[PDB]
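Novice: Protein chains in written order, with PDB author numbering: chain JA, 102 to 211; chain KA, 305 to 359; chain XA, 2 to 61; chain MA, 2 to 207.
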Amino acid sequence: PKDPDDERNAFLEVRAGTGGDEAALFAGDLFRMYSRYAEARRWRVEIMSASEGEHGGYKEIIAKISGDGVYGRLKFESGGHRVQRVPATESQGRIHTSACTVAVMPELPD
Amino acid sequence: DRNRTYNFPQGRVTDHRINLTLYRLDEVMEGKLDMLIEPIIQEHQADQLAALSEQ
Amino acid sequence: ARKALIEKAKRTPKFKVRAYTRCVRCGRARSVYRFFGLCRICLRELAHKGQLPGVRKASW
Amino acid sequence: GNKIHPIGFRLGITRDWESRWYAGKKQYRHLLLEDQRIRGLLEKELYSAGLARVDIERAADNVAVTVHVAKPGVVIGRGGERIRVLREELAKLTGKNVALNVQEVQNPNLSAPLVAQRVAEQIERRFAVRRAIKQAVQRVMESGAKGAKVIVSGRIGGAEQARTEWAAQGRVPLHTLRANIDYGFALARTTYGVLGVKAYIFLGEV
RNA sequence: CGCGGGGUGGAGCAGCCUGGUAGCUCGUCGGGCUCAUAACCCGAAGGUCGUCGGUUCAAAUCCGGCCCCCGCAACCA
RNA sequence: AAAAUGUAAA
RNA sequence: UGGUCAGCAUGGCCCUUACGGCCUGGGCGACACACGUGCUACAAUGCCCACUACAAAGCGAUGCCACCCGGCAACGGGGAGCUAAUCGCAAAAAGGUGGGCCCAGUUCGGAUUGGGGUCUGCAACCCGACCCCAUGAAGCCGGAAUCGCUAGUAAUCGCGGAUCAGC
RNA sequence: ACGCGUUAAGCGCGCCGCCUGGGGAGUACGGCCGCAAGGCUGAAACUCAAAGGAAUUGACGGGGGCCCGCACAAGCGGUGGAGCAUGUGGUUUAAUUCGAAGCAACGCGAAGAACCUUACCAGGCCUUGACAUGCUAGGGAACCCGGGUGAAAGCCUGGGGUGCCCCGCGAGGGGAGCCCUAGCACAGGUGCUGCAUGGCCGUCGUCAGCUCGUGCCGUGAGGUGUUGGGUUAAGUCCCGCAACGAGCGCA
Ligand SMILES: CN(CC[C@H](N)CC(=O)N[C@H]1C=C[C@H](n2ccc(N)nc2=O)O[C@@H]1C(=O)O)C(=N)N
Ligand SMILES: [Mg+2]
Ligand SMILES: [Mg+2]
Ligand SMILES: [Mg+2]
Ligand SMILES: [Mg+2]
Ligand SMILES: [Mg+2]
Ligand SMILES: [Mg+2]
Ligand SMILES: [Mg+2]
Ligand SMILES: [Mg+2]
Ligand SMILES: [Mg+2]
Ligand SMILES: [Mg+2]
Ligand SMILES: [Mg+2]
Ligand SMILES: [Mg+2]
Ligand SMILES: [Mg+2]
Ligand SMILES: [Mg+2]
Ligand SMILES: [Mg+2]
Ligand SMILES: [Mg+2]
Ligand SMILES: [Mg+2]
Ligand SMILES: [Mg+2]
Ligand SMILES: [Mg+2]
Ligand SMILES: [Mg+2]
Ligand SMILES: [Mg+2]
Ligand SMILES: [Mg+2]
Ligand SMILES: [Mg+2]
Ligand SMILES: [Mg+2]
Ligand SMILES: [Mg+2]
Ligand SMILES: [Mg+2]
Ligand SMILES: [Mg+2]
Ligand SMILES: [Mg+2]
Ligand SMILES: [Mg+2]
Ligand SMILES: [Mg+2]
Ligand SMILES: [Mg+2]
Ligand SMILES: [Mg+2]
Ligand SMILES: [Mg+2]
Ligand SMILES: [Mg+2]
Ligand SMILES: [Mg+2]
Ligand SMILES: [Mg+2]
Ligand SMILES: [Mg+2]
Ligand SMILES: [Mg+2]
Ligand SMILES: [Mg+2]
Ligand SMILES: [Mg+2]
Ligand SMILES: [Mg+2]
Ligand SMILES: [Mg+2]
Ligand SMILES: [Mg+2]
Ligand SMILES: [Mg+2]
Ligand SMILES: [Mg+2]
Ligand SMILES: [Mg+2]
Ligand SMILES: [Mg+2]
Ligand SMILES: [Mg+2]
Ligand SMILES: [Mg+2]
Ligand SMILES: [Mg+2]
Ligand SMILES: [Mg+2]
């Protein structure tokens, strides 16, 4: 049972997947999903950078995270997050699917 | 490779790694994500602790 | 919780305030006339059918 | 949906109330609450005989309660029996005199809630659905009327996209007030959901 | 190190000469129009001015040390 | 003369 | 693929000392913000004051409560008349008439607040509504933009029921 | 099909040219021509389940004609600006219950949130329960009543009783409700799903339209009627009319 980061500190990136506008729209959706884990709890989270979204949210994002527990309560999701919604960017009223990428960046010696 | 799958026009979650199709979408998309965060860190008993118990 | 609260209005629990007017068919705490003991919609549908005596389409 | 209710359209115009009585203030409530409850067993029990229409009235306390049906041989029981254990069960929560004078319904093809109940459980029990709308409006048209109409909403045959479908023929002017129209409605519980059936027999001007 | 020019709201530029004197464009946040986004229309937000001494009453401005951007040199006969 | 654009599921 | 499974109904899925059931505090009323609907004003075609006139509707024996008197008062105790074209809520307000202001953040404006009171309802910290003192705030007519209405209609006045112990 | 139609796209014979799914691509390699720019000849790998022609019905048009609505114009007051009330986003929180989303969500469901309403939070209690069917099983009766106990819920625990049924003289048959329990399926859920549905309503919209029958026209989808001239608030009539009637509509 050997490891340092069982419960460490981390950065967190989010990028545009498919869905295009509902790529940046859903990436901003999960932004507030993580942003509300912050100061509804304790955490101090700056955005390090974030390229904008034309119809809302951001395509590229990245957030420097504070408070211990970003690697005991956030570690287990460096992958994809497909979503199936009726996007607020529809011509008619049909259902679509989207997806996004996430990246839990730990803490190199600095 | 998709870690989790959501669905507001159905209200659901599904983490393709446990079996965790167990869902609530609404007050999880709100950000209260300690619902799915727990059984997945509980899925480390059959993982690493089961690796160090006999083999 | 919506069934327990059905009878709770009827039997006056503890005071002359906690006896809110329910509807008799649907059971809604909103729009409940005390004339019919009926919600606006139970009132609606039973009005058109003829089942409410003497009531007809208003117009002036 | 948006369309008008045809019966409410003719209360004191072409069709009289299903229940009728004058009533004092705080008495009206539980006086109607009885009316409705009174039909509780009436809607329940008599359906098996094709419950055409209830017709409640209340004099000085006394409540006469005439009930129409397609074939009353059901309503009577073994002589004076089911028709008696009607009044027995009646006044046992009524408390008012339950003097019922059971009516009759000449032609069940010209009563709409009769055509409704039948078509409805024709799909409950599962049948050809459109045919039973066409046959219905058929032997009801020639069966006494000048015009007739009936509809089915919800899952016809049980498709996921719930269609509506209907049949109709002859001058059926819901806009025109002078028209006698029977609004026949019938719910229809099925394995896959709940079907809506509205009926429209037009019996003539007046 | 030698000389030359530069460093000011987020980006790019004025402002220094003649001190007290902070503007132009973009963008940014708030609002409008619009089905919506840009456009466009209405408002506001934003720099102790490289860095330090110091001159004066007082420094974006004058002066000097150091950090940095850039330009020519450091001739090797 | 004015005046752009609408990603991807029946 | 408008709205509603949260009015009710309803096919399917899930909970089963618990997603079901009871109480009690608390909550839907939180406050750097933003928006929609409205209210009341910025006044002199006005605000204040007493006399004073004139509508319909609509509601009331779970109540509507005259009139006496207490009271600055809200209201309070007393008490009459009604199954109500009987009597009650009821002074309709804009209005007419006398007076008073005197171009000012004012006698316009009534926000906000401190202590002091009545009424409901077990109950008034969150949390009500009315009352008295006092406090007397933004607002001197509205950026870009934007709404209704063609006649008893716009505009502007009071009254009224339903929800309801109260609001 | 459009349209062709003695100027054939008709009926025939003769001769040449050319086509053989779309892209790739009139490109590449070769060959010939050119001063060049380039022309002629002219493939394939790969790739798609189409590419297409005419015609129909719609929708759209910064096309046309004729109409209409407070649509603008013409006038009258108005929020946006202030302070307050109310509803949402948002944020916050222990929870800040849910739904409503341009027109058609935002004084909306709410025609009454202090607890109640109450579906949320928070902590003390319910386990066939606040709730209606019904099964055995221990069986008290009704229970006014009472303390204990607590914020209340609750859980403890007394003092109690002379019912009805049996006629058994009978100090005791069970039956009876209900009280009660533990205890047989049960309940119950405002938990998700309007993108599984009924019903109900908003909405284009009081807009003047939309269809059916038979006939004829077109191989057909379809057309006609329902178009046109006139009139109307209007598919309201009128005259005409390969149409004649009819239903749902305005009436
Ligand atoms: C390049 N030249 C050469 C000129 C002379 N006659 C020859 C020559 O080589 N002179 C060189 C002699 C050395 C001189 N030199 C260099 C370095 C130094 N520190 N000092 C010097 O004097 O620089 C001269 C130079 O190159 O011009 C011409 N174009 N004329
Ligand atoms: Mg490390
Ligand atoms: Mg929330
Ligand atoms: Mg939490
Ligand atoms: Mg009577
Ligand atoms: Mg009796
Ligand atoms: Mg017969
Ligand atoms: Mg049945
Ligand atoms: Mg027919
Ligand atoms: Mg049924
Ligand atoms: Mg320099
Ligand atoms: Mg700079
Ligand atoms: Mg310049
Ligand atoms: Mg200098
Ligand atoms: Mg200066
Ligand atoms: Mg201008
Ligand atoms: Mg300097
Ligand atoms: Mg050099
Ligand atoms: Mg787009
Ligand atoms: Mg498809
Ligand atoms: Mg005003
Ligand atoms: Mg004056
Ligand atoms: Mg005067
Ligand atoms: Mg003035
Ligand atoms: Mg001022
Ligand atoms: Mg201006
Ligand atoms: Mg204007
Ligand atoms: Mg032809
Ligand atoms: Mg020829
Ligand atoms: Mg040819
Ligand atoms: Mg050729
Ligand atoms: Mg080719
Ligand atoms: Mg060619
Ligand atoms: Mg070769
Ligand atoms: Mg070549
Ligand atoms: Mg006209
Ligand atoms: Mg909120
Ligand atoms: Mg909500
Ligand atoms: Mg209210
Ligand atoms: Mg409370
Ligand atoms: Mg005690
Ligand atoms: Mg107990
Ligand atoms: Mg006892
Ligand atoms: Mg005895
Ligand atoms: Mg006896
Ligand atoms: Mg006996
Ligand atoms: Mg014996
Ligand atoms: Mg499906
Ligand atoms: Mg045809
Ligand atoms: Mg046509
Ligand atoms: Mg015409
Ligand atoms: Mg016609």
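Backbone N, C-alpha and C fix where the C-beta goes; we use that ideal spot for every residue, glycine too.
Helix, strand or coil: which one does DSSP assign to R306 of chain KA?
Specialist: Correct three-state label for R306 of chain KA: strand.
Novice: Does any residue of chain JA have a CB that is nearer than 7 Å to the CB of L356 of chain KA?
Specialist: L356 of chain KA counts as touching chain JA.
Novice: Measure how close the beta-carbons of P114 of chain MA and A180 of chain MA come, nearest whole angstrom, since I'm counting them as under 8 Å.
Specialist: Contact flag wrong, Cβ pair sits at about 17 Å.
Novice: Nearest-angstrom Cα distance between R59 of chain MA and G9 of chain MA?
Specialist: One C-alpha to the other measures close to 21 Å.
Novice: Establish whether the CB of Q193 of chain JA and some CB of chain KA are separated by less than 7 Å.
Specialist: For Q193 of chain JA, the answer is no, since every Cβ of chain KA falls outside 7 Å of its Cβ.
Novice: Could you name the residues of chain KA that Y138 of chain JA contacts, counting a contact when the two beta carbons are closer than 7 Å?
Specialist: Correct list: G335 and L337.
Novice: Straight-line CA distance for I196 of chain JA to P313 of chain KA?
Specialist: Distance between the alpha carbons of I196 of chain JA and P313 of chain KA: 8 Å.
Novice: Name, going along the chain, the residues of the segment 317-332 of chain KA whose beta-carbon falls closer than 7 Å to a beta-carbon of chain JA.
Specialist: Those would be none; no residue qualifies.
Novice: Taking its Cβ as the centre, do 16 or more other Cβ atoms sit within 10 Å of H176 of chain MA, making it buried, or is it exposed?
Specialist: Burial call: exposed.
Novice: Whole alpha helix (DSSP H) runs in the segment 17-105 of chain MA with 4 or more residues, listed along the chain?
Specialist: Runs of the alpha helix (DSSP H) inside the segment 17-105 of chain MA: 26-47, 74-77 and 85-95.
Novice: State the DSSP-derived secondary structure class of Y184 of chain MA, mapped to helix, strand or coil.
Specialist: The answer is strand: DSSP assigns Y184 of chain MA an E or B state.
Novice: Interface residues of chain JA around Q352 of chain KA at Cβ under 8 Å?
Specialist: What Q352 of chain KA touches in chain JA: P102.
Novice: Quick check: is the beta carbon of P54 of chain XA nearer than 7 Å to any beta carbon in chain MA?
Specialist: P54 of chain XA counts as touching chain MA.
Novice: Return yes when at least one heavy atom of ligand 9 lies under 6 Å from the C-beta of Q170 of chain MA, else no.
Specialist: Yes, the beta carbon of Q170 of chain MA sits closer than 6 Å to at least one heavy atom of ligand 9.
Novice: Apart from the five residues on each side of it in sequence, which residues of its chain come closer than 6 Å, Cβ to Cβ, to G41 of chain MA?
Specialist: Answer for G41 of chain MA: no residue qualifies.
Novice: Among the candidates JA:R145, JA:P188 and JA:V184, whose CA atom is the shortest distance from the CA of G168 of chain JA?
Specialist: Ranking the options by Cα distance to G168 of chain JA, first place goes to JA:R145.
Novice: When the cut-off is 7 Å and only beta carbons count, does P313 of chain KA lie next to chain JA?
Specialist: Interface residue, yes.
Novice: Identify each residue in the segment 29-50 of chain XA for which the Cβ-Cβ distance to at least one residue of chain MA is less than 7 Å, and report them in chain order.
Specialist: Under the 7 Å Cβ criterion, the segment 29-50 of chain XA contributes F36, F37, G38, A48, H49 and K50.
Novice: Run down chain KA in chain order and give the residues with a C-beta less than 8 Å from the C-beta of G168 of chain JA.
Specialist: Neighbours of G168 of chain JA on chain KA: none; closest Cβ ~14 Å, over 8 Å.
Novice: Of all the options MA:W22, MA:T192 and MA:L101, which has the alpha carbon lying nearest to the alpha carbon of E122 of chain MA?
Specialist: Comparing Cα positions, the closest option is MA:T192.
Novice: Which residues share a DSSP beta bridge with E147 of chain JA?
Specialist: Looking at the DSSP assignment, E147 of chain JA forms a beta bridge with JA:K165.
Novice: Quick one: using the 10 Å Cβ neighbour count with 16 as the cut-off for buried, is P343 of chain KA buried or exposed?
Specialist: Per the 10 Å Cβ criterion, exposed.
Novice: Just the C-alpha distance for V171 of chain JA and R186 of chain JA, rounded to the nearest angstrom, thanks.
Specialist: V171 of chain JA and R186 of chain JA: Cα-Cα distance of roughly 28 Å.
Novice: Looking only at C-alpha atoms, which of MA:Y201, MA:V99 and MA:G185 sits nearest to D36 of chain MA?
Specialist: Closest option to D36 of chain MA, Cα to Cα, is MA:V99.
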